[PDB]
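Asker: Here is the sequence, then the experimental structure:
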Amino acid sequence: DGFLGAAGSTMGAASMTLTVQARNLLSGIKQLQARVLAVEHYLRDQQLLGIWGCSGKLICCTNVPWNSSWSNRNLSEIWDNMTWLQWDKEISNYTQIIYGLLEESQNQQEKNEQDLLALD
Amino acid sequence: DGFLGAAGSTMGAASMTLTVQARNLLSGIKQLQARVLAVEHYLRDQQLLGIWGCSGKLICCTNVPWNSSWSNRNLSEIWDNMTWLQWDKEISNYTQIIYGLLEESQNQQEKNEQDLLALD
Amino acid sequence: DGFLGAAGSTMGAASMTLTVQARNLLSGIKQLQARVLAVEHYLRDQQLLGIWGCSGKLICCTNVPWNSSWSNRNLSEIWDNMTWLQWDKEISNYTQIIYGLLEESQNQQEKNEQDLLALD
Amino acid sequence: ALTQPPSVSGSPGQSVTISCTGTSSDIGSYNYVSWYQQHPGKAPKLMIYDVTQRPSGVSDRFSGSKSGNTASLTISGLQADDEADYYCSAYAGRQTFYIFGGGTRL
Amino acid sequence: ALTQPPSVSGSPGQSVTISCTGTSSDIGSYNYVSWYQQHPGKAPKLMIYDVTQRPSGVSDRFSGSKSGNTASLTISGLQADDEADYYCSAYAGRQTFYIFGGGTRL
Amino acid sequence: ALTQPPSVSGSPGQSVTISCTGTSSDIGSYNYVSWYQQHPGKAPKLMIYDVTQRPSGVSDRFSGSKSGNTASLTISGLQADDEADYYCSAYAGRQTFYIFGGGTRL
Amino acid sequence: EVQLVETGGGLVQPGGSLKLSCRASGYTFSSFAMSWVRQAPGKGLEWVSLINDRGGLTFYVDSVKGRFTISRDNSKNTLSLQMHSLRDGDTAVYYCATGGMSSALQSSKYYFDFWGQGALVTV
Amino acid sequence: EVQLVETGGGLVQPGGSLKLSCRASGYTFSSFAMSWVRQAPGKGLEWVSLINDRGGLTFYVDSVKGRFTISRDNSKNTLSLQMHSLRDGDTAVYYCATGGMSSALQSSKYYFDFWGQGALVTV
Amino acid sequence: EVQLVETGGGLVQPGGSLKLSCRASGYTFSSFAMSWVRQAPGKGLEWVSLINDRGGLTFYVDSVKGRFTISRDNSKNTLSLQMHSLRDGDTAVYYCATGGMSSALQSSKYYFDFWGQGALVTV
Ligand SMILES: *[C@@H]1O[C@H](CO)[C@@H](O)[C@H](O)[C@H]1NC(C)=O
Ligand SMILES: *[C@@H]1O[C@H](CO)[C@@H](O)[C@H](O)[C@H]1NC(C)=O
Ligand SMILES: *[C@@H]1O[C@H](CO)[C@@H](O)[C@H](O)[C@H]1NC(C)=O
Ligand SMILES: *[C@@H]1O[C@H](CO)[C@@H](O)[C@H](O)[C@H]1NC(C)=O
Ligand SMILES: *[C@@H]1O[C@H](CO)[C@@H](O)[C@H](O)[C@H]1NC(C)=O
Ligand SMILES: *[C@@H]1O[C@H](CO)[C@@H](O)[C@H](O)[C@H]1NC(C)=O
């Protein structure tokens, strides 16, 4: 489908077209300012992914466990009976905590790898 | 050699200096607009590589087979008896197909890796 | 600690907060020009890391040996008895050499990997 | 493979347990120990999945548990129609996916 | 290693085949089965490369084929100057690069 | 494990060497061959670290060297209080971290 | 309502090959991973091969890693297994089963949920 | 001034478990990697397990890879080892030692620098 | 016109070392991978070691992984092999050969194209 065609699709189906939305983020002083701001926001999202250990990835698995209090729904209800727009609302109050946990777990992983490589 | 010094070199020799050209892509409203556009095009190329599974790489191998109809030359003629300027012309009509195939094969690889990691 | 809080900390302690400084790099024609220049410099640093084989990393190990003439201090004096501000001064005359060596070793690593993958 | 008794029996109206044993790297590491009931001449059917969970449609007389490296299928209320070759199986990681024991004739 | 007959012979003017056998993971997986001709007291020379391809300069009397896990070098038009120890070799992946068989005396 | 003599002795005032042997993949690859002195009934203490380096506080009479796959601890100026079970150990890569030899009674 | 129907072969000799196939009905074929389980005439059950729901990830028991190929067609609702060499020790009933794996966004399985009746392969 | 004090268990039978613990004093606990070394009553020394200074990287000798868990608490200056199964061949004195690893920014160790006196574990 | 000339050693005893060297002519040395093939006096041929055209990737047969070092100098057109330990079972003729590998942008080889005459190494 096309840009945002999956907006009404379930999460487990909508994830099939992540590339379609990813490619549409980069594609008269006010307009130049808007373009510079769009570039800065793109780079902020790429930096945020980079500091989590997710570089050239659209789907990236991490080692942060789900704490249940964020959302205690069954896995099949989240992926088969929900859209991404609804999910973005259910956990809108927990994204800062998750982001902090991801940053800390990446710092621990990078330090452990640096030490592991030293074993001659 | 210097910037574009390999332009007349063969593909198998010209590939030795990819870094030299890569480093020269980033190095009065009209001038500011030109600089913003150059940044956007750089990011579009980096995003295009990223969605193929080729992040911090200048040479990146993929799993898309060559279909021969794109070019049926012997491997040694392409790498030893051609320049990159000529090659860019021989297959100028097929790059969109190759790019689409690379994007699809990366989507399949990322989904298969996500499922493979789930085997406890 | 906060932004640059580790500036007076030792190198082996200051490295614990690299993320804190990394996140503060992206966070009226003169102001727009300053923003565009800041974006270009950020991208130049990311490209420089990318051509060394260090993409989504804050700590990245390489295969370039230390030549001692750059600095002949004991490892424990550098990491426990020095700050990053002092270290940046001791080797300020050698960073171009190290950067060139890193670029060459990455070119050799990428070519060797490309050839290694060809062994059917 | 897992070790099971070669034969477990009892009179109708009673109850039995069929044990299944392995090692600490498979049955004692992954909590995925299933049981199958294979009537002679027929394909096996699933009786227990997970460790103690029963599929819908299977009688409440079939239950089970696991402790350490020992799993057990408990069959209460023995009927004459329950004569079958019972098997245990378990997940054993990403290299050896499933390991089965020998059959136990009821 | 590959298994070859210890000796293959015939009269001048006739033809022989020298077989080479292996397993499904090497000779039957990678189509890189070469043959060498080693005259006594001399280093081997290449007779066949790939599976059925001959180097330039080598007589058209030497040919070959492969089916399943069996490769064969066919020598037609036998001459008295073809007496040599013939060897087969094959690629066997990234861990074991080349595996050779024993020599076959013509 | 490394091979050491089962017993090395001498009179007070003399000197001995205690050898330690291994293979080319461990003692002959990594220059991390340490020695320990274990008095009967007590835990071992470190005598030599690295290959030829001595910890601070340990008498200058204890020294050592390594050549090929053979390491040696030299004890000069033998005293009556040096009777102990001496051990060698070495680093053996990322898979097998440390390998110890048998004890040598002085 | 769930049914798996085997349409296999018969007797082959060592060094030959035999292809087995299963047809599925009563469920969405593409929603479940499927596998093959072997039972020698006088022995118990053993796992032979596993294929995921998309037919992109395959796993085999060590004894057949170099001999068997497992594939599926989600438009035909068809599972098939191409067996080579077929030695005397491979005589068995080969059962298709649904279960054994779940593609990360589904709940855990690690069990065989549905079974067919089995093709008899002899040597 | 450096001291490691073992506070272990006694006699257990096969199939049980025993937890050992060591208290450290005289040095910064979090600055050194620590390990366990085993000595059977009539044998020499062998390495059993290694834990790094942060308690994030653990290594075990092959014989105990599926049986022993090593952990540390840098706020308590406590090292502990949880041993399962404990077969007859595991009777030994278990010593805590400081050394054996260095976290990349420290000079090389690859040796055991300090030793405790040892807990006696019997079966 | 292609020639490989061995300039090896003679008799050594176990525990020693011997260095072999080959000079190349008639072709561009840096354009081909090269390897060593061993033949015991009464046996057939076996592969020992392979080095790529740039001297950056080396491979060895398992029996010599911890004993032999292969290196090349593309300015001297010289291939060399440093052999350690040299046990009685290593007595053989050691041949240099051109072929056996291709650096991704070249057509496939996987065969030995040119051969030298061989150095005789005894123990
Ligand atoms: C919308 O709802 C229909 C009916 O439930 C469903 O079939 C469809 O997949 C949903 N999503 C889209 C994008 O149409
Ligand atoms: C889950 O979140 C609550 C606060 O919302 C916190 O108290 C609890 O410790 C968290 N659980 C885990 C395992 O971190
Ligand atoms: C140009 O042509 C010459 C002659 O064929 C050749 O030697 C050279 O490598 C080519 N390329 C360049 C960059 O000079
Ligand atoms: C090659 O391209 C042609 C169209 O140009 C297409 O019909 C054919 O299927 C392609 N081959 C493969 C293997 O995809
Ligand atoms: C500053 O100096 C003090 C005293 O030596 C030391 O404890 C502290 O760690 C140093 N660094 C900072 C950031 O305070
Ligand atoms: C170290 O640097 C000096 C020049 O400062 C150079 O001559 C020397 O070769 C270098 N050492 C190595 C090993 O590259």
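Answerer: Nice, thanks for sending it over. Residues are numbered from 1 along each chain as shown, chains lettered A, B, ... in the order given. Ligands and ions are numbered 1, 2, ... in the order given.
Asker: which residues does residue G:56 contact?
Answerer: Residues in contact with residue G:56 (CB atoms under 8 Å, 6 or more residues apart in numbering or on different chains) are B:108, B:111-112. Any C-beta I mention is one placed from the backbone N, CA and C, and that applies to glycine too.
Asker: can you pull out the helices in chain A?
Answerer: A:11-14, A:18-22, A:29-50, A:75-80, A:84-90, A:95-116 (DSSP state H).
Asker: Out of these, which one sits most buried?
Answerer: helix A:11-14 (a mean of 18; mean count of other CB atoms under 10 Å in any protein chain shown).
Asker: Show me what that one packs onto, helices and strands only.
Answerer: helix A:75-80, helix A:84-90 (3 or more CB pairs under 8 Å, 6 or more residues apart in numbering or on different chains; DSSP states H and E).
Asker: Count the residues that sit near the residue nearest to residue D:35 when sequence neighbours are not counted.
Answerer: Nearest residue to residue D:35, sequence neighbours excluded (CB to CB, 6 or more residues apart in numbering or on different chains): residue D:48, at 4.1 Å. Residue D:48: 24 surrounding residues under other CB atoms under 10 Å in any protein chain shown.
Asker: I'd like to know how far residue G:9 sits from residue G:48.
Answerer: Distance from residue G:9 to residue G:48, counting by CB to CB, to the nearest Å: 16 Å.
Asker: Counting neighbours, go ahead and name the busier of the two.
Answerer: Neighbour count, other CB under 10 Å: between residue G:9 and residue G:48, residue G:48 has more, with 23 against 18.
Asker: Determine whether the claim that that one is in a strand is correct.
Answerer: Yes. Residue assignment for residue G:48, taken from DSSP: H, G, I helix; E, B strand; the rest coil, places it within a strand.
Asker: Please report how far the nearest residue to residue A:14 once chain neighbours are set aside lies from residue A:21.
Answerer: Distances taken as CB to CB, 6+ apart put residue A:6 closest to residue A:14, at 3.9 Å, once the chain neighbours are dropped. Separation of residue A:6 from residue A:21 (CB to CB): 8 Å.
Asker: I'd say residue G:6 and residue G:20 touch.
Answerer: Yes. Residue G:6 is within contact range of residue G:20, at 6.9 Å (criterion: CB atoms under 8 Å).
Asker: list the residues that contact both of the two?
Answerer: G:94, G:119.
Asker: For chain G, just list every one of the helices.
Answerer: Under DSSP H, chain G gives no helices.
Asker: quick one: the strands in it?
Answerer: Ranges of strands within chain G are G:3-6, G:16-25, G:34-39, G:45-51, G:58-60, G:68-73, G:78-85, G:92-99, G:112-115, G:119-121, based on DSSP state E.
Asker: With chain D instead?
Answerer: Using DSSP E, strands in chain D cover D:16-21, D:33-38, D:45-48, D:62-67, D:70-75, D:85-92, D:96-100, D:104-105.
Asker: ok, and what's touching the first one?
Answerer: Think strand D:16-21. Residues contacting strand D:16-21 (CB under 8 Å, 6+ apart): D:2-5, D:8-10, D:27, D:33, D:35, D:69-75, D:78, D:86, D:88, D:90, D:101, D:104, D:106.
Asker: same thing but 7 Å
Answerer: Contact with strand D:16-21 is made by D:2-5, D:8, D:10, D:33, D:69-75, D:78, D:86, D:88, D:101, D:104, as judged by CB atoms under 7 Å, 6 or more residues apart in numbering or on different chains.
Asker: cool, and the fifth one?
Answerer: With CB under 7 Å, 6+ apart as the test, strand D:70-75 has contacts from D:15-21, D:27, D:33, D:35, D:48, D:61-65, D:82, D:86, D:88.
Asker: List the neighbouring strands of that strand plus their orientation.
Answerer: Strand pairing for strand D:70-75, determined by DSSP bridges: strand D:16-21 (antiparallel), strand D:62-67 (antiparallel).
Asker: among these, which is the most enclosed?
Answerer: With a mean of 19, the top stretch among these by mean neighbour count (mean count of other CB under 10 Å) is strand D:16-21.
Asker: how much does it deviate in direction from strand D:96-100?
Answerer: Between strand D:16-21 and strand D:96-100, the angle comes out at 140 degrees (axes from the mean of the first three to the mean of the last three CA atoms, to 10 degrees).
Asker: chain center to strand D:16-21: distance?
Answerer: 7 Å (CA atoms, centre = their mean, to the nearest Å).
Asker: Report the angle between that strand and strand D:33-38.
Answerer: Angle, strand D:16-21 to strand D:33-38, by the same axes, to 10 degrees: 130 degrees.
Asker: Can you check what angle separates strand D:16-21 from strand D:85-92?
Answerer: 30 degrees.
Asker: Now for the residue nearest to residue D:60 when sequence neighbours are not counted, how many residues are close by?
Answerer: Counting by CB to CB, 6+ apart, residue D:60 lies nearest to residue D:54, which is 7.6 Å off, once chain neighbours are set aside. Neighbourhood size, residue D:54 [other CB under 10 Å]: 18.
Asker: surely residue A:39 meets residue C:40?
Answerer: No. Using CB atoms under 7 Å, residue A:39 makes no contact with residue C:40, being 10.3 Å away.
Asker: Tell me how many other residues crowd residue D:57.
Answerer: 6.
Asker: oh, I was asking about residue A:27
Answerer: There are 8 residues near residue A:27, going by other CB under 10 Å.
Asker: mind checking how far it is from residue B:44?
Answerer: Taking CB to CB, one finds residue A:27 at 8 Å from residue B:44.
Asker: what's near enough to touch the residue most central in space within chain A?
Answerer: Geometric centre of chain A, nearest residue: residue A:49, 7.0 Å, by CA atoms, centre = their mean. By CB under 7 Å, 6+ apart, the residues touching residue A:49 are residue A:55.
Asker: same thing with residue A:63?
Answerer: residue A:105.
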